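Read through the structure below, which is laid out as structure tokens, and then see the notes.
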Amino acid sequence: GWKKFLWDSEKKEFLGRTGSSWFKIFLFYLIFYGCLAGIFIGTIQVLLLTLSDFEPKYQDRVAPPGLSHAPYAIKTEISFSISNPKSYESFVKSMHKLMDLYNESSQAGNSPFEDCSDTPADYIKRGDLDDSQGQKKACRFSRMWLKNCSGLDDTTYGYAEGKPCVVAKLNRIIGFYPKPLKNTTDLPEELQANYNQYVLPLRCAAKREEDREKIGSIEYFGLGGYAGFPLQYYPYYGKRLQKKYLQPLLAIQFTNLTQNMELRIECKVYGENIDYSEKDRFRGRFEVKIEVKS
Amino acid sequence: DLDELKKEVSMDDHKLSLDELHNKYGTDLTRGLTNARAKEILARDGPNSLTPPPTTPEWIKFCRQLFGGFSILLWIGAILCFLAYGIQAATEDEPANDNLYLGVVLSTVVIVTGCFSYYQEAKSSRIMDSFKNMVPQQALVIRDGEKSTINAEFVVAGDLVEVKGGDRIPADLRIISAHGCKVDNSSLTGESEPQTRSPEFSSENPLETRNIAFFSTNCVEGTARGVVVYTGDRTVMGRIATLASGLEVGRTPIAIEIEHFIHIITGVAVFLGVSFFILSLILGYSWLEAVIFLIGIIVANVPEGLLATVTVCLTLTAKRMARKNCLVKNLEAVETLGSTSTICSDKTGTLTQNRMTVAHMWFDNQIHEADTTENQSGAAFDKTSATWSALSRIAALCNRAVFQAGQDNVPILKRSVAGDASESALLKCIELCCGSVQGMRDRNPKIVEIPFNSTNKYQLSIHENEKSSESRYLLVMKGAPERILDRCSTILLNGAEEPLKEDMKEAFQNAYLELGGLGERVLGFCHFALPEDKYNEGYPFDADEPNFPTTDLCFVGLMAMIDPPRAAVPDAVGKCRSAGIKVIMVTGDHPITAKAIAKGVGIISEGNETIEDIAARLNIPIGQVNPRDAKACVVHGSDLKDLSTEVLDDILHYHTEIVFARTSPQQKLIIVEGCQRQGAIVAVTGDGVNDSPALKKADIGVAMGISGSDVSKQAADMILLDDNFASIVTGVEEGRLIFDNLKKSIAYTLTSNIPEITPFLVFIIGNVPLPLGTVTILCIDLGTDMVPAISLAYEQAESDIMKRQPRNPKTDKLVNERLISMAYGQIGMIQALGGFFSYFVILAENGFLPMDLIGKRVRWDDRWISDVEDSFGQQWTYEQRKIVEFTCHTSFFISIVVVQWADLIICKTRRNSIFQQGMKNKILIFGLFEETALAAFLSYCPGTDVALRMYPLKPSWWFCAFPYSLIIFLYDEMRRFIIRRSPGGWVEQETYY
Ligand SMILES: C=C(/C=C\C[C@@H](O)[C@@H](O)[C@H](O)C/C=C/C=C\[C@@H](O)C[C@@H]1O[C@H](C[C@@H](O)[C@H](O)C[C@H]2O[C@H]([C@H](O)[C@H](O)CC[C@H](O)/C=C/[C@H](C)[C@@H](O)C[C@]3(O)O[C@H](C[C@@H](O)CCCCCCC[C@@]45C[C@@H](C)C[C@@](C)(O4)[C@@H](C[C@@H](C)CCCCC[C@@H](O)[C@H](O)[C@H](O)[C@@H](O)[C@H](O)[C@H]4O[C@H](C[C@H](O)[C@H](O)/C(C)=C/[C@H](O)C[C@@H](C)[C@H](O)C(=O)N/C=C/C(=O)NCCCO)[C@H](O)[C@@H](O)[C@@H]4O)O5)[C@H](O)[C@@H](O)[C@H]3O)C[C@@H](O)[C@@H]2O)[C@@H](O)[C@H](O)[C@H]1O)CC[C@H](O)[C@@H](O)[C@H](O)[C@H](C)C[C@H]1O[C@H](/C=C\[C@@H](O)[C@H](O)C[C@@H]2C[C@@H]3C[C@H](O2)[C@@H](CC[C@H]2O[C@H](CN)C[C@H]2O)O3)[C@@H](O)[C@H](O)[C@H]1O
Ligand SMILES: *[C@@H]1O[C@H](CO[C@@H]2O[C@@H](C)[C@@H](O)[C@@H](O)[C@@H]2O)[C@@H](O[C@@H]2O[C@H](CO)[C@@H](O[C@@H]3O[C@H](CO[C@H]4O[C@H](CO)[C@@H](O)[C@H](O)[C@@H]4O)[C@@H](O)[C@H](O[C@H]4O[C@H](CO)[C@@H](O)[C@H](O)[C@@H]4O)[C@@H]3O)[C@H](O)[C@H]2NC(C)=O)[C@H](O)[C@H]1NC(C)=O
Ligand SMILES: *[C@@H]1O[C@H](CO[C@@H]2O[C@@H](C)[C@@H](O)[C@@H](O)[C@@H]2O)[C@@H](O[C@@H]2O[C@H](CO)[C@@H](O[C@@H]3O[C@H](CO)[C@@H](O)[C@H](O[C@H]4O[C@H](CO)[C@@H](O)[C@H](O)[C@@H]4O)[C@@H]3O)[C@H](O)[C@H]2NC(C)=O)[C@H](O)[C@H]1NC(C)=O
Ligand SMILES: CCCCCCCC/C=C\CCCCCCCC(=O)OC[C@H](COP(=O)(O)OCC[N+](C)(C)C)OC(=O)CCCCCCC/C=C\CCCCCCCC
Ligand SMILES: CCCCCCCC/C=C\CCCCCCCC(=O)OC[C@H](COP(=O)(O)OCC[N+](C)(C)C)OC(=O)CCCCCCC/C=C\CCCCCCCC
Ligand SMILES: CCCCCCCC/C=C\CCCCCCCC(=O)OC[C@H](COP(=O)(O)OCC[N+](C)(C)C)OC(=O)CCCCCCC/C=C\CCCCCCCC
Ligand SMILES: CCCCCCCC/C=C\CCCCCCCC(=O)OC[C@H](COP(=O)(O)OCC[N+](C)(C)C)OC(=O)CCCCCCC/C=C\CCCCCCCC
Ligand SMILES: *[C@@H]1O[C@H](CO)[C@@H](O[C@@H]2O[C@H](CO)[C@@H](O)[C@H](O)[C@H]2NC(C)=O)[C@H](O)[C@H]1NC(C)=O
Ligand SMILES: CC(C)CCC[C@@H](C)[C@H]1CC[C@H]2[C@@H]3CC=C4C[C@@H](O)CC[C@]4(C)[C@H]3CC[C@]12C
Ligand SMILES: CC(C)CCC[C@@H](C)[C@H]1CC[C@H]2[C@@H]3CC=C4C[C@@H](O)CC[C@]4(C)[C@H]3CC[C@]12C
Ligand code: ALF
Ligand SMILES: [Mg+2]
Ligand code: NA
Ligand code: NA
């Protein structure tokens, strides 16, 4: 048994078959698997021919847009000590990674960054989604616009003395036009003042009624000094048609933050084609847990 | 419980004198034992009762089933699943419910399968309980010179015991004085033959001598005295009962096959796991991940429903059998009949009817045959001559038996008749083709009868003659043909009379040897008209002196009789021999009768010859002929007792038509063992208690139901509720059928494992998002697949299954590598390609092209990265990309159903084409329809994307798996084509299951 089924010397068999059998079977599986591979490849090439290069066929799974943030906090918590410097390093490295893409050196020349209104403005249509007029042009977004959170003056961005910043960003969607709420009698309390039609408002608050008092002065920095996103940076034409495109950003400084206590801060954007979801806690709004323990 | 000392042939002391036997046991022949001595021996030896077996509680067997089959492989996972929950609850992270609802689902699978395996687990025989109901409650013992009826259990060795016709023998006795006592050794010999117990000794074999009564028997008539030689577990049918309860059951073929199948499965699961561990170490993953990957791959290769599916498969055939009065106590046994290669049958009560029946008749120098079949479906014997009428008068008048009161409803053959078997057979034949014997008997008043004498060797009687024109006296007599031949001088030929010249005397001798050689018992009938001038109507012929002329009688004709075989016995034996099944007769009957029934049923084909037949045809001694020129052999039990192991092997190895005669029960067990030894499955069909040790060690027992006993009925695995032998032929057809079907269903359930394991292998290797989810694999394995696979069992035959030879146990298996090469190698691979195709399509239409999917899992899984760029530059949050992955699980599951359509169609026929067999199976069609309705329901019902995480599909996706299905159909169709045109080629030794 043990020895024979391994090698017998009368029938010159190994493991059970002879030399010619292993060859017939190996050749059969090589041809079979080769045909399988060729068929799968052909059915994938017809797929490359079906879709378009400038536009995803289905855009229903990404609407309305989300709201992401830097830094990169795990479990949506930003906890760091004001004394130990090796506590907020993982945060600064991220913040820096995000802002490092808005360097002025990158935005230079006429293309593909054209100078746009220093004050919020309306939409700008650079034609259709075609290759006729080549690479489109995107508006320039300067770092300095963000006042106290730019890494140009205080590299740390605030984490050094108990005053952190949070750079909020709206998820890029192809052909998405942001629509802000109108001046009619129905509008949230907050939004009434400084209604600039051309700005999509972003406003943070406290999740619970108690935490209100423990949260200090939320100071928003942005284009034109408003707490929102200028409509002029839309719509987005996609990577293929608009490489070297920069999306607006909004800085938020949480000055006067109570020490040694977990604070739940919920930020929320407002607008017509903006809708929240009780399941996705990043659709339109976002939550952050801040605790400057020192 | 030494088994070898129970397989040996019994021993005794019947050769000793009465007095000598008393010295050996300590007693008084006329006064018995004393109450003090009797009680002293009651404390010395123990009670006279068959003891009970050791018993097994049920929480034991159900629990045994829990840690069995591959339930062990599932335990490592249910328990592991919880361990992670405990860690989460104690480390404080997710209150979610994934892990837990899985440890609960896997645990539930194990518990339910356990119920399915119990339903199939051999039932627990009650051999000893039935046996115990045998011994009567109170025996009659003579102690201190007085007769007393005491509890049979209080009988000891040495006391005096008296029996009376109708009571049971309370223990093994040594007859000391008898008065026409007769016993029924049915339980030991297998014959309802009334043997006589005499105080004298007559045979060297204790079972043949008359001076010994045996426990488990009854004194039919007369009274007798004796001494107790054996009480308890030491008796003969006691040694047989003790051997029966302590002879293992065996392990059926279906089980051994399941063992092999399990082995195979576990082999590829541990091979794929060790390989992806070495691979996970060559790429970089830590040891915690490599070990976790190994455990996942092994558990993933386990099919949850194939064991329970085999249970449902077997049950449907058992119901079909229940329709033809064939009930099987053991579900596993159902298949054993088809795999049997040698059927060891019993004669009296099984091959025959155990009812002496008038077979042949002699009259008018001509042999006449009578119908000897249960339902009377045959040929009449020409009832138009006067000779036959005179014969009916002789037999019907010179006969004292009468039907039992109140049988006016049953047929003429199955009714109860009080009397001997010869007078009963004659009474039944006359009542059959001559009308009511009660009127035939009152039509002629019997005047004087002289009972059968041991010296006269005949039975005679005189009656009045019902002829209203003849007031003479009629005298009739029956007896052995030789004695009656010496008392005649005339012959009733065609009605007239003629002398007894040597011409008809020689015709009578040849007729005697003709009916005798047929294994039948012949009797002679004659009559005479007494002259009313020498014996007037008033003269009384008192039975004292010669009042009747013994000689000068008128012989009318002979009448033979024998136990005939059941209606479908010859045809069934021929059908079994046609299928290559070796038939062997095993009976404790006389070799003349056994051999005659063998040639009459087909065991000894007409033309074959034994060594004695050759020595008789040549007129030379038997020691000269060569035993190789004899195909059929008759082995006697007395000789069987003195034979080595090799000799029995040679007896079965060189003789094709064998018959064991005068064999005890222990020898029956020996013969069955001599068969299994070489390497074949055995089936034993019986009725009496001496078949109990043969039914237990056999692979499958077939007990009759109407003509049987309670021991054979309880010790069997299959019961024939109508004594219709043909059910054996049906079982050999269905066994093979239900065998060929399990292969198809197994290949069907083994093909979907590939498109179920490959996605995780690509998840760990190619670093793409997860294609198939856990809640989808479970919905397939226990949902969709079950109904189409349970329906595969109802498939009809392709060729005549009753033509091929019995399968080989060592070489032909149930699950071979040729199947693995198809399910795991060719069909399952295509199914995997179709699933991955639909997958890539869903991700390409939403924005994730195939070039950007490789290397994304690390960020595709992270719960805190709310900006994942796709091939077009869009930014997807975490929950948004997860919704798409789940919609990919739903379409992957639907692709699996689509490919299972073509798999169920290519699995319907193993060789034949679909355009030949046909889609006449309504269950398979229903399976396809339901399989599709369930997938649509799981995807489109609201709240399913919340409960089970399955999102709706867009109508263009459902068509991504269609081409792969058609291709599977075409490939298997051309496969099942070269096999037909080219028998024995590459395609056959490489892909024919
Ligand atoms: C319940 C289950 C189990 C897990 C379930 C799990 O999911 C969940 O329950 C979670 O756990 C929940 C549990 C939660 C528990 C607690 C939480 O609540 C609480 C929270 O947890 C959170 C964390 C949580 O968030 C976590 O993240 C959860 C995840 O956890 C797992 C993580 O990943 C991972 O564990 C992270 C943990 C950590 O990282 C581990 C570290 C290690 C321990 C250790 O390293 C650290 C450390 O060192 O340990 C030290 C202690 C030491 O004594 C130990 C001794 C070490 C022994 C060394 C010997 C090694 C060994 C061993 C030999 C046998 C072989 C051998 C080769 O290697 C041999 C060789 C020797 C010679 C090596 C010697 C090396 C020496 C090393 C040692 O000395 C030590 O390192 C040393 O002492 C150190 O001190 C020292 O520092 C050293 O440092 C360095 C060492 C190196 O690093 C190291 O050595 C390295 C790199 C080795 C490398 O390999 C080497 C390589 C380079 C390579 O070799 C190489 O060169 N290659 C070169 C190639 C090359 O050139 N090529 C050239 C090419 C040329 O062409 C240095 O080098 C050294 O020098 C130095 O000395 O010897 C000590 O402590 C410290 O030191 C410590 O630091 C993963 C998961 O568990 C979990 O997700 C926390 O953040 C939070 O704070 C807390 O609150 C059951 C599983 C399920 O069944 C299954 O479903 C499962 O779930 C899936 C599989 C999951 C997967 O899929 C998921 C998605 C879906 C799945 O779920 C679906 O289920 C899929 C399913 C699967 C199937 C199919 C289908 O689909 C479904 C269907 C099934 C159904 O259908 C079926 C029918 N068909 C029926 C039914 O079954 O089932 C995914 O989501 C998953 O992610 C995925 O995994
Ligand atoms: C985008 O701009 C980034 C900032 O650009 C600077 O400011 C703008 C407004 C302009 O004036 C521009 O010219 C400036 O450079 C730019 O990142 C910068 O890159 C330089 C070059 O590597 C870095 O200088 C090096 O600094 C380290 C120590 O850095 C400390 O601080 C930073 C935070 O600022 C921490 O992250 C570090 O851990 C340290 O704590 C020096 O050790 C290093 O020495 C090298 O140079 C000296 C000569 O000066 C040599 O003797 C040595 O051998 C070394 O070769 C450098 O001086 C600078 O830190 C860094 N800034 C930040 C904030 O990280 C970024 O690369 C630009 N990106 C793109 C895509 O354009
Ligand atoms: C968006 O909408 C707000 C509010 O609009 C008002 O309410 C809407 C729901 C709707 O009914 C509108 O028709 C309605 O105007 C606009 O801001 C408002 O602007 C007016 C005009 O300046 C302010 O009214 C002022 O109220 C003062 C005290 O609170 C009063 O002293 C002011 O006097 C001025 O007007 C009088 C004549 O009435 C004149 O004599 C004076 O000399 C002086 O000019 C004046 O009445 C409202 O307070 C403003 N509302 C708020 C919340 O600040 C806003 O401009 C508009 N934005 C855009 C871009 O269109
Ligand atoms: C991401 C990538 C995806 C990967 C997916 C992998 C999916 C896995 C798919 C299939 C698993 C295959 C594992 C092997 C299966 C072998 C089946 C087997 O073991 O069944 C058992 C049979 C017994 O059969 P029986 O009862 O009829 O015997 C009766 C004998 N009587 C009667 C004479 C006594 O035993 C035998 O067959 C004898 C054993 C033969 C073992 C052969 C081993 C070959 C394995 C790998 C070869 C690879 C080489 C590749 C290189 C090629 C050259 C170019
Ligand atoms: C691009 C898409 C790719 C899809 C690939 C997957 C395809 C798999 C699904 C269906 C395949 C259908 C194959 C068609 C085969 C037809 C064969 C046939 O017709 O052979 C004729 C037989 C032979 O007769 P005979 O001579 O032996 O009769 C003797 C009568 N005597 C005895 C009285 C003389 O006749 C008979 O079988 C009797 C009549 C039976 C009629 C059957 C009709 C039902 C057929 C299919 C059901 C539909 C399933 C749909 C599943 C989707 C669910 C949503
Ligand atoms: C022909 C012979 C057939 C024989 C087969 C036997 C038939 C079996 C019949 C019925 C058994 C099906 C049981 C399915 C149980 C689903 C339980 C479920 O959906 O519970 C939902 C939970 C809820 O969780 P929560 O409260 O935290 O949500 C909080 C949400 N907030 C807070 C956002 C509002 O979600 C979760 O547990 C999430 C995890 C989801 C776990 C799904 C496990 C299902 C496992 C197998 C399914 C197989 C059944 C297929 C049907 C076959 C029909 C023949
Ligand atoms: C998306 C999924 C797509 C899947 C498509 C799969 C297509 C690939 C199908 C077949 C390709 C494999 C061909 C392999 C040919 C080399 C095999 C070889 O070396 O074989 C040698 C033998 C000759 O040796 P011997 O027997 O004389 O020696 C006797 C020796 N002793 C004793 C061992 C028997 O060859 C022979 O016997 C002849 C046997 C040749 C095998 C015929 C199998 C044909 C199966 C399918 C073709 C139909 C495709 C339909 C697709 C429709 C698409 C819409
Ligand atoms: C920032 O918060 C501090 C409290 O932490 C406020 O200053 C307090 O003001 C109260 C009077 O309302 C005094 O009793 C406390 O002594 C003050 N504490 C400190 C530390 O100054 C302060 O007004 C807040 N400033 C802003 C801009 O929100
Ligand atoms: C019936 C079977 C055997 C036919 C299999 C045909 C195979 C060989 C054919 C089908 C589709 C073909 C592919 C179609 C498109 C391209 C893209 C081109 O830029 C390189 C060649 C490549 C990748 C082709 C290679 C050959 C290919 C894979
Ligand atoms: C017999 C063989 C060669 C026919 C193979 C037909 C191939 C070319 C057909 C069969 C099914 C078809 C697919 C069916 C559904 C869709 C979804 C749609 O949104 C894009 C096209 C796509 C992906 C089709 C591409 C072409 C396709 C793959
Ligand atoms: F009928 Al007997 F052995 F043949 F039981
Ligand atoms: Mg019998
Ligand atoms: Na399976
Ligand atoms: Na048995």
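How things are named: the first chain in the structure tokens is A, the next is B, and so on; residues count from 1 in each chain; ligands count from 1 in the order shown.
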Problem - Surroundings of ligand 10 up to 12 Å, based on only C-alpha atoms and all ligand atoms, as an MDAnalysis selection string - result: (chainID A and resid 38:52 56:58) or (chainID B and resid 834 837:846 953:968 970)
Next, the residues of the selection above should be written as a CSV table (one decimal), in the first residue's frame with N, CA and C atoms.
chain,number,residue,atom,x,y,z
A,38,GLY,N,-8.9,33.0,-22.7
A,38,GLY,CA,-9.2,33.8,-23.9
A,38,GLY,C,-10.7,34.2,-24.0
A,39,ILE,N,-11.6,33.4,-23.5
A,39,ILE,CA,-13.0,33.8,-23.5
A,39,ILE,C,-13.3,34.9,-22.5
A,40,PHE,N,-12.7,34.7,-21.3
A,40,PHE,CA,-12.9,35.8,-20.3
A,40,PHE,C,-12.3,37.1,-20.8
A,41,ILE,N,-11.2,37.0,-21.4
A,41,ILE,CA,-10.5,38.3,-21.9
A,41,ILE,C,-11.4,38.9,-23.0
A,42,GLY,N,-11.9,38.1,-23.9
A,42,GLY,CA,-12.8,38.7,-25.0
A,42,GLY,C,-14.0,39.4,-24.4
A,43,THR,N,-14.7,38.7,-23.4
A,43,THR,CA,-15.8,39.3,-22.8
A,43,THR,C,-15.5,40.5,-21.9
A,44,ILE,N,-14.2,40.7,-21.6
A,44,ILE,CA,-13.9,41.9,-20.8
A,44,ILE,C,-13.5,43.0,-21.8
A,45,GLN,N,-13.0,42.7,-23.0
A,45,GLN,CA,-12.7,43.7,-24.0
A,45,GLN,C,-14.0,44.4,-24.5
A,46,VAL,N,-15.0,43.6,-24.8
A,46,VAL,CA,-16.3,44.2,-25.2
A,46,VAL,C,-16.8,45.1,-24.1
A,47,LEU,N,-16.5,44.9,-22.9
A,47,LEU,CA,-16.9,45.7,-21.8
A,47,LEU,C,-16.1,47.0,-21.8
A,48,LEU,N,-14.8,47.0,-22.2
A,48,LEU,CA,-14.1,48.2,-22.3
A,48,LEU,C,-14.6,49.1,-23.4
A,49,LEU,N,-15.2,48.4,-24.4
A,49,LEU,CA,-15.8,49.2,-25.5
A,49,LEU,C,-17.2,49.8,-25.2
A,50,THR,N,-17.9,49.2,-24.2
A,50,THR,CA,-19.3,49.7,-23.9
A,50,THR,C,-19.3,51.0,-23.2
A,51,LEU,N,-18.4,51.2,-22.1
A,51,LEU,CA,-18.4,52.4,-21.3
A,51,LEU,C,-17.7,53.6,-22.0
A,52,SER,N,-18.0,54.8,-21.5
A,52,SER,CA,-17.5,56.1,-21.9
A,52,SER,C,-16.3,56.5,-21.0
A,56,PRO,N,-19.2,58.5,-15.9
A,56,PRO,CA,-19.7,57.2,-15.4
A,56,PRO,C,-21.2,57.0,-15.8
A,57,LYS,N,-21.5,55.8,-16.3
A,57,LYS,CA,-22.9,55.6,-16.7
A,57,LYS,C,-23.9,55.7,-15.6
A,58,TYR,N,-23.6,55.3,-14.4
A,58,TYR,CA,-24.6,55.4,-13.3
A,58,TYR,C,-24.0,56.4,-12.2
B,834,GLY,N,-18.1,33.1,-14.6
B,834,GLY,CA,-19.4,33.8,-14.7
B,834,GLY,C,-19.6,34.7,-13.6
B,837,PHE,N,-17.4,37.6,-13.7
B,837,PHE,CA,-17.7,38.5,-14.9
B,837,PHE,C,-18.8,39.5,-14.4
B,838,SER,N,-19.9,39.0,-13.8
B,838,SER,CA,-21.0,39.8,-13.4
B,838,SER,C,-20.4,40.8,-12.3
B,839,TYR,N,-19.5,40.4,-11.5
B,839,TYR,CA,-18.9,41.3,-10.5
B,839,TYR,C,-18.2,42.5,-11.2
B,840,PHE,N,-17.2,42.2,-12.0
B,840,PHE,CA,-16.5,43.3,-12.7
B,840,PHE,C,-17.5,44.2,-13.5
B,841,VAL,N,-18.6,43.6,-14.0
B,841,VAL,CA,-19.5,44.5,-14.7
B,841,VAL,C,-20.2,45.5,-13.8
B,842,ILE,N,-20.6,45.0,-12.6
B,842,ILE,CA,-21.3,45.9,-11.7
B,842,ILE,C,-20.3,47.0,-11.2
B,843,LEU,N,-19.1,46.6,-10.9
B,843,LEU,CA,-18.1,47.7,-10.5
B,843,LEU,C,-17.7,48.6,-11.6
B,844,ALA,N,-17.7,48.1,-12.9
B,844,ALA,CA,-17.3,49.0,-14.0
B,844,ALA,C,-18.4,50.0,-14.4
B,845,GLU,N,-19.6,49.6,-14.2
B,845,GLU,CA,-20.7,50.5,-14.6
B,845,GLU,C,-20.9,51.6,-13.5
B,846,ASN,N,-20.5,51.4,-12.3
B,846,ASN,CA,-20.6,52.4,-11.3
B,846,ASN,C,-19.4,53.4,-11.2
B,953,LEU,N,-31.4,44.8,-8.1
B,953,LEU,CA,-30.5,44.8,-9.3
B,953,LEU,C,-31.2,45.5,-10.5
B,954,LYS,N,-30.4,46.1,-11.3
B,954,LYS,CA,-31.0,46.7,-12.5
B,954,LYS,C,-31.2,45.6,-13.6
B,955,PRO,N,-32.2,45.7,-14.4
B,955,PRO,CA,-32.5,44.6,-15.3
B,955,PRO,C,-31.4,44.2,-16.3
B,956,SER,N,-30.5,45.1,-16.6
B,956,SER,CA,-29.4,44.7,-17.5
B,956,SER,C,-28.4,43.7,-17.0
B,957,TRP,N,-28.3,43.6,-15.6
B,957,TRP,CA,-27.3,42.8,-15.0
B,957,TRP,C,-27.6,41.3,-15.1
B,958,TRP,N,-28.9,41.0,-14.8
B,958,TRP,CA,-29.4,39.6,-14.8
B,958,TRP,C,-28.9,38.8,-16.0
B,959,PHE,N,-28.5,39.4,-17.1
B,959,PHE,CA,-28.1,38.7,-18.3
B,959,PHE,C,-26.6,38.5,-18.4
B,960,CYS,N,-25.8,38.7,-17.4
B,960,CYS,CA,-24.3,38.6,-17.5
B,960,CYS,C,-23.9,37.2,-17.4
B,961,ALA,N,-24.7,36.2,-16.8
B,961,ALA,CA,-24.3,34.9,-16.6
B,961,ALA,C,-24.9,33.9,-17.7
B,962,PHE,N,-25.8,34.4,-18.6
B,962,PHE,CA,-26.4,33.5,-19.6
B,962,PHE,C,-25.4,32.9,-20.5
B,963,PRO,N,-24.4,33.5,-21.1
B,963,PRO,CA,-23.5,32.9,-22.0
B,963,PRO,C,-22.7,31.7,-21.4
B,964,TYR,N,-22.3,31.9,-20.1
B,964,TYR,CA,-21.5,30.9,-19.4
B,964,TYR,C,-22.4,29.6,-19.3
B,965,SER,N,-23.7,29.8,-19.0
B,965,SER,CA,-24.6,28.7,-18.8
B,965,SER,C,-24.8,27.9,-20.1
B,966,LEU,N,-25.0,28.6,-21.2
B,966,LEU,CA,-25.1,27.9,-22.5
B,966,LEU,C,-23.9,27.2,-22.8
B,967,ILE,N,-22.7,27.8,-22.5
B,967,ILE,CA,-21.5,27.1,-22.8
B,967,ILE,C,-21.3,25.8,-22.0
B,968,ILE,N,-21.8,25.9,-20.7
B,968,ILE,CA,-21.7,24.7,-19.8
B,968,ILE,C,-22.5,23.6,-20.5
B,970,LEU,N,-23.4,23.2,-23.7
B,970,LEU,CA,-22.8,22.6,-24.9
B,970,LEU,C,-21.6,21.8,-24.6
Practice task
Residues within 8 Å of ligand 11, counting only C-alpha atoms and all ligand atoms: report them as a PyMOL selection string.
Solution key: chain B and resi 189-191+345-350+586-589+663+686-691
Problem - Near-ligand residues for ligand 5, threshold 10 Å, only C-alpha atoms and all ligand atoms, as a PyMOL selection string - result: chain B and resi 898-906+913-922+924-933+959+961-970
Exercise for the section: For chain B, work out the contacting residues on chain A at 9 Å, counting only C-alpha atoms, and write them as JSON, numbers by chain. Expected result: {"A": [25, 32, 36, 40, 43, 44, 47, 48, 51, 53, 54, 55, 56, 57, 58, 59, 60, 61, 62, 65, 66, 67, 68, 69, 72, 73, 74, 75, 76, 171, 172, 173, 174, 238, 239, 240, 279, 280, 281, 282, 283]}
Practice task
For ligand 13, collect every residue having any atom at a distance of at most 7 Å from a ligand atom (counting only C-alpha atoms and all ligand atoms); output as a PyMOL selection string.
Solution key: chain B and resi 302-304+749-753+781
Fill in the blank from the handout: residue 262 in chain A proximity check over A:80, A:226, A:220, A:159, using only C-alpha atoms: winner is A:80
Contacts between ligand 3 and chain A, please, where a residue of chain A counts if it comes within 12 Å (with only C-alpha atoms and all ligand atoms); show its shortest atom pair and distance in Å to one decimal, rows by chain and ascending number, as a tab-separated table.
residue	atom	partner	partner_atom_place_in_ligand_line	distance
A:181	CA	ligand 3	1 (C)	11.0
A:182	CA	ligand 3	1 (C)	8.3
A:183	CA	ligand 3	1 (C)	4.9
A:184	CA	ligand 3	9 (C)	5.1
A:185	CA	ligand 3	9 (C)	4.2
A:186	CA	ligand 3	9 (C)	7.8
A:187	CA	ligand 3	9 (C)	9.0
A:188	CA	ligand 3	52 (C)	11.7
A:189	CA	ligand 3	52 (C)	9.7
A:190	CA	ligand 3	52 (C)	10.3
A:191	CA	ligand 3	52 (C)	9.5
A:192	CA	ligand 3	52 (C)	5.8
A:193	CA	ligand 3	52 (C)	6.0
A:194	CA	ligand 3	57 (N)	7.6
A:195	CA	ligand 3	59 (C)	5.6
A:196	CA	ligand 3	59 (C)	5.9
A:197	CA	ligand 3	59 (C)	6.7
A:198	CA	ligand 3	59 (C)	9.8
A:199	CA	ligand 3	59 (C)	11.1
